[PDB]
Amino acid sequence: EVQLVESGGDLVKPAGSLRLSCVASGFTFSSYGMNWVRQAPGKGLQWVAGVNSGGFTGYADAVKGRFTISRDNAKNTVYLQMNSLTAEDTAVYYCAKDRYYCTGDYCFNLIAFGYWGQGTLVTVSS
Amino acid sequence: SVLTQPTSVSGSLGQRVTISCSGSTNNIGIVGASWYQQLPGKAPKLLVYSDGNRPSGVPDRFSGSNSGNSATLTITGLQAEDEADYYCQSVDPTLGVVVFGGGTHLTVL
Amino acid sequence: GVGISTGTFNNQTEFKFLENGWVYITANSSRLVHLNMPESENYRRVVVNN
Amino acid sequence: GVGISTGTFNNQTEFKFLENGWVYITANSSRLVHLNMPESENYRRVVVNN
Amino acid sequence: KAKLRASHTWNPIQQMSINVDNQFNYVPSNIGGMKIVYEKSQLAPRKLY
């Protein structure tokens, strides 16, 4: 069965940077997109970024100018790079898989997360 | 673009429960909402797809529908298993931004 | 004869190229085949019914 | 003349196969080249020292 | 002038291929963009000794 495992949580200064990683298994990794969704403490889920088979990425307006996401289909791994962090970014970040098969530039027209990981904590404070 | 959900919804065991998510022609009027379940402190679980289908093993109790710019999740035969938090998720095709709702807490009486 | 071998083992595949982009592929296969005597010399007519 | 073309554009690659597994690869390349008149008609001797 | 290779081993050898990762390095973009990516040349092995 599909299984995902995340890592990379840490505590950083109010103006630092951090990088997170997930490892996936159980499916045709190159066929489905992988996404980063975060949840501030006591708040609802919020989407951060997503990356498809060919390296194409999509970022929310809240992180579009700061963050970066990448893949490695030969290693079934997805990375997220965060720069110029601020306190509001503090949240547990969840790594998920899409139900739909999309590969290239024209994704993000239909997204539905069907499997989820365990989550990793990101804290931005002095 | 953001989706709108009611803060909480209450129902009694054995009754019917309805949770409503409101959007726009840009997000829900083209791609319907998908509903998620989150136990306190656990990773979310998908319940109903945008087309009304459910993941394997989800009881038929859970159902969804889309009308105009609003979507709803209907839970029938409310059981004690359903005390959790629920979210609506939709994607904006115009901008390419995935939109979640604010979340709604379900209270079983 | 009793002590004279009657053939040679060959398991090579030869790609011989011809005119106009054609290739003559010759697949050679050699096996040692183990054959036990049959359970019975007779022909049987058997019916299976599961 | 003024209005007669003096050549043909060709940018194909041909793989003519020969005997004994050899291929005659003929690569054709054709470009349109844009040339401006030089900054000066004179030769220069220029020294660079960073 | 080039020589066609021959299979000398049971196992297959490395070959250059189009895959879902590099698919769009070899086709134009919606506004005509083009690129040519570097490709390796000595893919097959040969025994030195």
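Each chain carries a letter (A, B, C, D and E) given by its place in the written order, and its residues are counted from 1.
One rule holds in what follows: a contact is a pair of C-beta atoms (placed from the backbone, for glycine too) under 8 Å apart; a residue touches a chain by one contact, two chains touch by 3 or more.
> Can you tell me which chain is nearest the middle of the complex, judged by mean CA position?
A
> Could you find the chain whose CA centre sits the greatest distance from that of chain C?
Chain centre farthest from chain C's centre: B.
> Count the C-beta pairs in contact for every pair of chains, then give the pair with the highest total.
A-B
> Among the chains, which has its CA centre at the largest distance from chain D's?
Between chain D and every other chain, the largest centroid distance is to B.
> Report the inter-centroid distance (CA atoms only) between chain A and chain B in whole Å.
It comes to 22 Å between the two C-alpha centres.
> What whole-Å value do you get for the distance between chain C and chain E if each is reduced to the mean of its CA atoms?
Their C-alpha centroids are separated by 37 Å.
> In whole angstrom, what separates the CA-based centres of chain B and chain D?
64
> On a C-alpha centroid basis, what's the spacing between chain C and chain D, in Å?
Taking the mean C-alpha position of each chain, the two centres sit 57 Å apart.
> Residues of chain E that touch two or more other chains: which are they?
In chain E, residues 4, 6 touch at least two other chains, as defined above.
> Would you mind listing the residues of chain A that make contact with two or more other chains?
none
> Among the chains present, which pairs are found to touch?
Pairs flagged as touching, ordered by label: A-B, A-E, C-D, C-E, D-E.
> List the residues on chain C that touch chain D in their complex, please.
Where chain C meets chain D, its residues are 15, 17, 19-22.
> Mind listing the chain C positions that touch chain E in their complex?
Where chain C meets chain E, its residues are 13, 15, 17.
> Spell out the part of chain E that touches chain C in their complex, as residue ranges.
Answer in residue numbers: 4, 6-7.
> Okay, in this complex, where on chain E does chain D touch?
These residues of chain E touch chain D: 1-4, 6.
> Please give the residue numbers of chain D that touch chain E in the complex, ascending.
Those in contact with chain E are residues 21-25.
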